[PDB]
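> File entry-v1.pdb follows (PDB, N, CA and C atoms):
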ATOM      1  N   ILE A   1      -3.603   1.626   4.396
ATOM      2  CA  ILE A   1      -3.928   0.447   3.568
ATOM      3  C   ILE A   1      -5.281   0.617   2.893
ATOM      4  N   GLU A   2      -5.494  -0.143   1.830
ATOM      5  CA  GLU A   2      -6.770  -0.170   1.136
ATOM      6  C   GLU A   2      -7.846  -0.773   2.032
ATOM      7  N   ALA A   3      -8.969  -0.085   2.142
ATOM      8  CA  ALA A   3     -10.036  -0.516   3.023
ATOM      9  C   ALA A   3     -10.949  -1.518   2.335
ATOM     10  N   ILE A   4     -10.767  -2.785   2.668
ATOM     11  CA  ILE A   4     -11.638  -3.833   2.176
ATOM     12  C   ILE A   4     -12.924  -3.842   2.993
ATOM     13  N   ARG A   5     -14.004  -3.374   2.390
ATOM     14  CA  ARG A   5     -15.285  -3.316   3.075
ATOM     15  C   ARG A   5     -15.929  -4.693   3.139
ATOM     16  N   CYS A   6     -16.607  -4.961   4.244
ATOM     17  CA  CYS A   6     -17.223  -6.255   4.463
ATOM     18  C   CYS A   6     -18.548  -6.121   5.195
ATOM     19  N   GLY A   7     -19.553  -6.829   4.704
ATOM     20  CA  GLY A   7     -20.790  -6.965   5.439
ATOM     21  C   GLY A   7     -20.668  -8.051   6.487
ATOM     22  N   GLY A   8     -19.783  -9.002   6.217
ATOM     23  CA  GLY A   8     -19.537 -10.092   7.136
ATOM     24  C   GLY A   8     -18.112 -10.589   7.043
ATOM     25  N   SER A   9     -17.757 -11.562   7.872
ATOM     26  CA  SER A   9     -16.421 -12.142   7.842
ATOM     27  C   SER A   9     -16.259 -13.001   6.596
ATOM     28  N   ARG A  10     -17.366 -13.587   6.150
ATOM     29  CA  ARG A  10     -17.378 -14.401   4.940
ATOM     30  C   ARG A  10     -17.174 -13.517   3.716
ATOM     31  N   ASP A  11     -17.361 -12.220   3.919
ATOM     32  CA  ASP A  11     -17.200 -11.230   2.862
ATOM     33  C   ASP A  11     -15.742 -10.830   2.756
ATOM     34  N   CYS A  12     -14.955 -11.356   3.676
ATOM     35  CA  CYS A  12     -13.539 -11.069   3.746
ATOM     36  C   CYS A  12     -12.718 -12.233   3.220
ATOM     37  N   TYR A  13     -13.343 -13.401   3.112
ATOM     38  CA  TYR A  13     -12.640 -14.586   2.650
ATOM     39  C   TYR A  13     -12.126 -14.388   1.236
ATOM     40  N   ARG A  14     -12.996 -13.956   0.327
ATOM     41  CA  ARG A  14     -12.616 -13.794  -1.077
ATOM     42  C   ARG A  14     -11.331 -12.961  -1.237
ATOM     43  N   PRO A  15     -11.291 -11.695  -0.759
ATOM     44  CA  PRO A  15     -10.085 -10.860  -0.876
ATOM     45  C   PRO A  15      -8.898 -11.437  -0.114
ATOM     46  N   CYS A  16      -9.086 -11.733   1.165
ATOM     47  CA  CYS A  16      -7.978 -12.156   2.012
ATOM     48  C   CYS A  16      -7.430 -13.521   1.588
ATOM     49  N   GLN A  17      -8.310 -14.403   1.117
ATOM     50  CA  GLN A  17      -7.894 -15.713   0.626
ATOM     51  C   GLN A  17      -7.148 -15.553  -0.693
ATOM     52  N   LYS A  18      -7.609 -14.616  -1.514
ATOM     53  CA  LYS A  18      -6.977 -14.334  -2.800
ATOM     54  C   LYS A  18      -5.612 -13.670  -2.596
ATOM     55  N   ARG A  19      -5.539 -12.797  -1.597
ATOM     56  CA  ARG A  19      -4.319 -12.049  -1.306
ATOM     57  C   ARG A  19      -3.245 -12.931  -0.676
ATOM     58  N   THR A  20      -3.610 -13.655   0.375
ATOM     59  CA  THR A  20      -2.627 -14.391   1.165
ATOM     60  C   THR A  20      -2.548 -15.860   0.755
ATOM     61  N   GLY A  21      -3.708 -16.462   0.528
ATOM     62  CA  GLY A  21      -3.777 -17.887   0.272
ATOM     63  C   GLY A  21      -4.764 -18.576   1.195
ATOM     64  N   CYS A  22      -5.099 -17.911   2.293
ATOM     65  CA  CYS A  22      -6.053 -18.446   3.257
ATOM     66  C   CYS A  22      -7.101 -17.390   3.596
ATOM     67  N   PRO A  23      -8.346 -17.814   3.868
ATOM     68  CA  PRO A  23      -9.473 -16.899   4.078
ATOM     69  C   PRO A  23      -9.518 -16.305   5.484
ATOM     70  N   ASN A  24      -8.534 -16.657   6.310
ATOM     71  CA  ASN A  24      -8.458 -16.169   7.687
ATOM     72  C   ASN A  24      -8.494 -14.645   7.721
ATOM     73  N   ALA A  25      -9.634 -14.094   8.106
ATOM     74  CA  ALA A  25      -9.794 -12.654   8.192
ATOM     75  C   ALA A  25     -10.863 -12.281   9.203
ATOM     76  N   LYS A  26     -10.796 -11.051   9.679
ATOM     77  CA  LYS A  26     -11.784 -10.526  10.603
ATOM     78  C   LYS A  26     -12.438  -9.288  10.008
ATOM     79  N   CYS A  27     -13.757  -9.275   9.972
ATOM     80  CA  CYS A  27     -14.484  -8.096   9.521
ATOM     81  C   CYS A  27     -14.619  -7.119  10.686
ATOM     82  N   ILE A  28     -13.534  -6.411  10.969
ATOM     83  CA  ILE A  28     -13.480  -5.511  12.109
ATOM     84  C   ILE A  28     -13.365  -4.060  11.644
ATOM     85  N   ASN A  29     -14.083  -3.167  12.321
ATOM     86  CA  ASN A  29     -14.114  -1.748  11.962
ATOM     87  C   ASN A  29     -14.644  -1.572  10.546
ATOM     88  N   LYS A  30     -15.492  -2.517  10.130
ATOM     89  CA  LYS A  30     -16.053  -2.536   8.783
ATOM     90  C   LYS A  30     -14.959  -2.683   7.730
ATOM     91  N   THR A  31     -13.837  -3.265   8.130
ATOM     92  CA  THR A  31     -12.730  -3.512   7.220
ATOM     93  C   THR A  31     -12.192  -4.922   7.408
ATOM     94  N   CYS A  32     -11.894  -5.581   6.308
ATOM     95  CA  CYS A  32     -11.353  -6.925   6.347
ATOM     96  C   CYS A  32      -9.911  -6.927   6.822
ATOM     97  N   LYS A  33      -9.696  -7.508   7.987
ATOM     98  CA  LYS A  33      -8.368  -7.640   8.547
ATOM     99  C   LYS A  33      -7.854  -9.040   8.242
ATOM    100  N   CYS A  34      -7.126  -9.148   7.146
ATOM    101  CA  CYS A  34      -6.681 -10.438   6.639
ATOM    102  C   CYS A  34      -5.447 -10.936   7.381
ATOM    103  N   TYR A  35      -5.455 -12.215   7.719
ATOM    104  CA  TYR A  35      -4.291 -12.867   8.300
ATOM    105  C   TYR A  35      -3.782 -13.945   7.361
ATOM    106  N   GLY A  36      -4.724 -14.682   6.781
ATOM    107  CA  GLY A  36      -4.382 -15.788   5.916
ATOM    108  C   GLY A  36      -3.523 -16.807   6.630
ATOM    109  N   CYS A  37      -2.569 -17.373   5.919
ATOM    110  CA  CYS A  37      -1.599 -18.251   6.539
ATOM    111  C   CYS A  37      -0.216 -17.656   6.388
ATOM    112  N   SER A  38      -0.005 -16.564   7.089
ATOM    113  CA  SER A  38       1.257 -15.862   7.064
ATOM    114  C   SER A  38       2.330 -16.651   7.812
TER     115      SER A  38
END
Write out the structure in this file as C-alpha coordinates.

Amino acid sequence: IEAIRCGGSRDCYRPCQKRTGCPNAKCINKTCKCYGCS
(Lines of atoms letter the chains of each structure in order from A and count residues from 1; the text may use other names and numbers.)
(Lines give C-alpha, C1' and ligand atoms only; values in the text may rest on other atoms or scores of the structure.)
Protein backbone atom coordinates (compact mmCIF):
# COMPACT_ATOMS: atom_id res chain seq x y z
CA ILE A 1 0.00 0.00 0.00
CA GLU A 2 0.93 3.66 -0.38
CA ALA A 3 2.77 4.85 2.71
CA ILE A 4 0.97 7.83 4.18
CA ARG A 5 3.62 9.52 6.29
CA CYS A 6 2.55 11.21 9.51
CA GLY A 7 4.19 13.31 12.17
CA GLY A 8 1.12 12.73 14.28
CA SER A 9 -2.29 11.06 14.33
CA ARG A 10 -3.83 14.42 13.44
CA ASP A 11 -1.61 14.24 10.37
CA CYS A 12 -3.55 11.17 9.37
CA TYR A 13 -7.01 12.70 9.61
CA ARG A 14 -6.77 14.62 6.33
CA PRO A 15 -5.89 11.57 4.10
CA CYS A 16 -7.87 8.93 5.99
CA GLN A 17 -10.92 11.20 6.39
CA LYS A 18 -10.71 12.10 2.70
CA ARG A 19 -10.29 8.45 1.71
CA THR A 20 -12.91 6.77 3.90
CA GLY A 21 -15.12 9.55 5.21
CA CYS A 22 -13.92 9.50 8.81
CA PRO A 23 -10.58 10.66 10.31
CA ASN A 24 -10.22 7.47 12.38
CA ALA A 25 -6.57 6.59 11.87
CA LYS A 26 -3.44 5.58 13.74
CA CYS A 27 -0.01 7.04 13.05
CA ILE A 28 1.73 3.71 13.52
CA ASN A 29 5.11 2.66 12.08
CA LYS A 30 5.29 6.23 10.78
CA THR A 31 2.39 5.35 8.49
CA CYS A 32 -1.25 6.38 8.66
CA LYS A 33 -3.35 3.32 9.36
CA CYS A 34 -6.78 4.52 8.31
CA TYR A 35 -9.97 2.91 9.59
CA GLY A 36 -12.50 5.64 9.01
CA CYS A 37 -16.05 4.41 9.32
CA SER A 38 -15.76 1.17 7.43
> Can you report as AutoDock Vina command-line options the centre and edge lengths in Å, to one decimal, of an axis-aligned box around the listed atoms of stretch 26-33 of chain A padded with 3 Å on each side?

--center_x -12.0 --center_y -6.3 --center_z 9.3 --size_x 14.2 --size_y 15.5 --size_z 12.0
> Mind checking which residues fall within 8 Å of residue A:15, counting all atoms listed in the file, ignoring those fewer than 6 positions away in the same chain, and posting them as a ChimeraX atom specification?
/A:4,21-23,34
> Determine the residue membership of the PyMOL selection byres (((chain A and resi 28 and name CA) around 12) and name CA) for the file above and supply it as a short mmCIF file (atom, residue, chain, number, x, y, z; two decimals) with N, CA and C atoms, in the frame of the given file.

data_model
loop_
_atom_site.label_atom_id
_atom_site.label_comp_id
_atom_site.auth_asym_id
_atom_site.auth_seq_id
_atom_site.Cartn_x
_atom_site.Cartn_y
_atom_site.Cartn_z
N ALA A 3 -8.97 -0.08 2.14
CA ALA A 3 -10.04 -0.52 3.02
C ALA A 3 -10.95 -1.52 2.34
N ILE A 4 -10.77 -2.78 2.67
CA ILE A 4 -11.64 -3.83 2.18
C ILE A 4 -12.92 -3.84 2.99
N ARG A 5 -14.00 -3.37 2.39
CA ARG A 5 -15.28 -3.32 3.08
C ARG A 5 -15.93 -4.69 3.14
N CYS A 6 -16.61 -4.96 4.24
CA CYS A 6 -17.22 -6.26 4.46
C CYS A 6 -18.55 -6.12 5.20
N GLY A 7 -19.55 -6.83 4.70
CA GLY A 7 -20.79 -6.96 5.44
C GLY A 7 -20.67 -8.05 6.49
N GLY A 8 -19.78 -9.00 6.22
CA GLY A 8 -19.54 -10.09 7.14
C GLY A 8 -18.11 -10.59 7.04
N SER A 9 -17.76 -11.56 7.87
CA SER A 9 -16.42 -12.14 7.84
C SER A 9 -16.26 -13.00 6.60
N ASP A 11 -17.36 -12.22 3.92
CA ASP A 11 -17.20 -11.23 2.86
C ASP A 11 -15.74 -10.83 2.76
N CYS A 12 -14.96 -11.36 3.68
CA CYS A 12 -13.54 -11.07 3.75
C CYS A 12 -12.72 -12.23 3.22
N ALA A 25 -9.63 -14.09 8.11
CA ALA A 25 -9.79 -12.65 8.19
C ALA A 25 -10.86 -12.28 9.20
N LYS A 26 -10.80 -11.05 9.68
CA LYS A 26 -11.78 -10.53 10.60
C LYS A 26 -12.44 -9.29 10.01
N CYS A 27 -13.76 -9.28 9.97
CA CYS A 27 -14.48 -8.10 9.52
C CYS A 27 -14.62 -7.12 10.69
N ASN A 29 -14.08 -3.17 12.32
CA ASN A 29 -14.11 -1.75 11.96
C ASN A 29 -14.64 -1.57 10.55
N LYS A 30 -15.49 -2.52 10.13
CA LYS A 30 -16.05 -2.54 8.78
C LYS A 30 -14.96 -2.68 7.73
N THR A 31 -13.84 -3.26 8.13
CA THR A 31 -12.73 -3.51 7.22
C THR A 31 -12.19 -4.92 7.41
N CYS A 32 -11.89 -5.58 6.31
CA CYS A 32 -11.35 -6.92 6.35
C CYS A 32 -9.91 -6.93 6.82
N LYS A 33 -9.70 -7.51 7.99
CA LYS A 33 -8.37 -7.64 8.55
C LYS A 33 -7.85 -9.04 8.24
N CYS A 34 -7.13 -9.15 7.15
CA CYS A 34 -6.68 -10.44 6.64
C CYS A 34 -5.45 -10.94 7.38
#
> Within chain A, find each residue whose DSSP state, derived from the backbone, is strand (DSSP E), and express the selection as a list in words.
residues 25, 26, 27, 28, 31, 32, 33 and 34 of chain A
> For a test of reading the model, state the distance in Å between atom N of residue A:19 and atom C of residue A:2, rounded to one decimal.
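Atom C of residue A:2 lies at a distance of 12.8 Å from atom N of residue A:19.
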> Using DSSP on the backbone coordinates, identify all residues within chain A classified as helix (DSSP H, G or I); present the result as a PyMOL selection string.
chain A and resi 10-20
